[PDB]
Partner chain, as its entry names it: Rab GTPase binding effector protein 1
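Below you will find one chain, with nothing else, as C-alpha cells; this is the form solved without its partner chain, and questions on how it binds or moves follow later.
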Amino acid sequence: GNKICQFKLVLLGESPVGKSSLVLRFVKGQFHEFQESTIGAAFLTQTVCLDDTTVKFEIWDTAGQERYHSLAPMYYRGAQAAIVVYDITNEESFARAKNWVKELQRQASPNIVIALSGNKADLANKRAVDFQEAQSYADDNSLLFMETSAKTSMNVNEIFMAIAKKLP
C-alpha cells in the first residue's frame, strides 16, 4: 500500500515494570538485563507495515518514578494511544496501573486508545496478578490487554500492532 500514517504513543507505569525494555524490544529488537532508570522521558520511533499502510510510531517512554508524576501530562496530552504497563509479579504495580488508566481517562484526549501490558510474563512462576482478573478489568474499562515479555519478545510486536490497528 502507498498510505502513510503517524501517531503518538506514550508508555506509563510504575518504575521499574519494563517500559523502556518493551520499547527497546519493539524498536531495536534488543533486551538489556541491565537497564538504567529513565530520567524524565526518552523518545524513540519505529515504522511498521500494517496492511496497506506504513505506520510511524512516535514513542514517549516515560520515567515511572513518582517524582516524575507531574511531568506526565507533557507526554500524554497529545498522544493518540498509551500503553500502561505493570509487572505481573507485583500487585502494587497493577494497582498503580489502574490509577494511570483513571488519569488518562479523565485528562488525556477523549479518543485515546489505551492498552494495558502485564509485563515480565516470563516470570509467571512468581505471578501476583491473575491473568483473568486483569483481562476482566481491561474489558470493563475498554483497554487492550496483553501479557508481554520484553525479555523473550512475547506479545511485544503484537501489542504495538494491535494498538495501531485500532487507530482511526
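Residue numbers count along the first chain shown, from 1.
Omitted here: the form solved in complex with its partner chain. The next part is about that form.
Using a 4.5 Å heavy atom cutoff, none of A108, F145 and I163 lies near its partner chain in the deposited complex. Heavy atoms within 4.5 Å of its partner chain in the deposited complex are found in one stretch of 111-119, 40-48, 127-135, 98-106, which is 40-48. Though the partner is left out of this view, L123 does not reach within 4.5 Å of its partner chain in the deposited complex, counting heavy atoms only. Put simply, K28 is close to its partner chain in the deposited complex: some heavy atom of it is within 4.5 Å.
At least one heavy atom of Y75 is located within 4.5 Å of its partner chain in the deposited complex.
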